[PDB]
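Note that my numbering has the sequence shown beginning at 9, numbered continuously upward. No residue lacks a Cβ here, since even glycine has one placed at the ideal position from N, Cα and C. What follows is one structure encoded as C-alpha coordinates, with my remarks underneath.
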Amino acid sequence: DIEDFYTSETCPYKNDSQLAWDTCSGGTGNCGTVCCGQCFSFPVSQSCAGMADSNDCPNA
(Lines of atoms letter the chains of each structure in order from A and count residues from 1; the text may use other names and numbers.)
(Lines give C-alpha, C1' and ligand atoms only; values in the text may rest on other atoms or scores of the structure.)
Protein backbone atom coordinates (compact mmCIF):
# COMPACT_ATOMS: atom_id res chain seq x y z
CA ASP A 1 0.00 0.00 0.00
CA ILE A 2 1.56 3.23 -1.21
CA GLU A 3 -1.53 5.41 -1.46
CA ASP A 4 -1.81 4.98 2.29
CA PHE A 5 1.68 6.44 2.45
CA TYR A 6 1.21 9.06 -0.25
CA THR A 7 2.16 12.61 0.63
CA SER A 8 0.30 14.99 -1.65
CA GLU A 9 1.60 17.70 0.66
CA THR A 10 5.14 17.55 -0.68
CA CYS A 11 4.38 15.45 -3.74
CA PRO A 12 4.17 17.56 -6.90
CA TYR A 13 1.26 15.36 -7.91
CA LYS A 14 -2.18 15.55 -6.33
CA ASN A 15 -3.86 13.09 -8.67
CA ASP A 16 -2.79 9.72 -7.31
CA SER A 17 0.09 7.99 -5.59
CA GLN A 18 0.49 5.72 -8.59
CA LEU A 19 1.11 8.81 -10.68
CA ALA A 20 4.00 10.25 -8.70
CA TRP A 21 5.10 6.66 -8.21
CA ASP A 22 4.71 6.01 -11.92
CA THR A 23 7.13 8.90 -12.28
CA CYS A 24 9.91 8.16 -9.82
CA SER A 25 9.40 4.42 -9.55
CA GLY A 26 8.62 4.26 -13.25
CA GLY A 27 12.12 3.62 -14.53
CA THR A 28 12.33 7.10 -16.01
CA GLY A 29 11.50 10.70 -15.18
CA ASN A 30 12.95 11.66 -11.81
CA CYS A 31 13.56 8.30 -10.19
CA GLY A 32 15.83 8.12 -7.16
CA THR A 33 15.97 7.82 -3.39
CA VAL A 34 14.63 11.35 -3.15
CA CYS A 35 11.14 10.32 -4.19
CA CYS A 36 11.52 7.91 -1.30
CA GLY A 37 10.69 10.67 1.15
CA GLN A 38 9.09 13.04 -1.33
CA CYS A 39 5.79 11.52 -2.39
CA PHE A 40 6.01 8.51 -0.10
CA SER A 41 7.74 7.28 3.04
CA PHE A 42 9.21 4.10 4.47
CA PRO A 43 8.84 1.37 4.45
CA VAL A 44 7.36 2.63 1.20
CA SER A 45 10.33 4.91 0.65
CA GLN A 46 12.15 1.63 0.15
CA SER A 47 9.86 0.66 -2.71
CA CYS A 48 10.22 4.04 -4.38
CA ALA A 49 13.99 3.79 -4.39
CA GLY A 50 13.40 0.13 -5.14
CA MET A 51 11.12 0.30 -8.16
CA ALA A 52 13.15 3.26 -9.37
CA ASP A 53 14.96 0.91 -11.73
CA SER A 54 18.56 -0.11 -11.16
CA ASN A 55 20.70 0.74 -14.16
CA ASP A 56 17.78 1.13 -16.54
CA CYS A 57 17.12 4.48 -14.91
CA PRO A 58 18.77 7.67 -16.16
CA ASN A 59 21.59 7.21 -13.68
CA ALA A 60 25.24 8.06 -14.19
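So is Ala-68 buried or exposed if we call it buried at 16+ other beta carbons inside 10 Å?
By the neighbour-count rule (16 or more Cβ atoms within 10 Å), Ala-68 is not buried but exposed.
Per-residue DSSP class, three states only, for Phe-50
When secondary structure is reduced to three states using DSSP, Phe-50 falls in the coil class, being assigned neither helix nor strand.
Is DSSP giving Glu-11 helix, strand or coil here?
DSSP places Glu-11 in the helix class (H, G or I) of the three-state scheme.
Outcome for residue 7 when other beta-carbon atoms lying within 10 angstroms are tallied against a minimum of 16:
The first residue shown for the chain is 9 and the last is 68, placing residue 7 beyond what the model contains.
Quick one: residues in its chain with C-beta nearer than 6 Å to the C-beta of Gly-45, no 5 flanking neighbours on either side, listed in chain order?
Here the set comprises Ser-53.
Whole-number beta carbon distance between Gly-40 and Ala-57, since they are thought to touch under 8 Å:
Contact between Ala-57 and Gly-40 holds: their C-beta atoms lie close to 7 Å from each other, under 8 Å.
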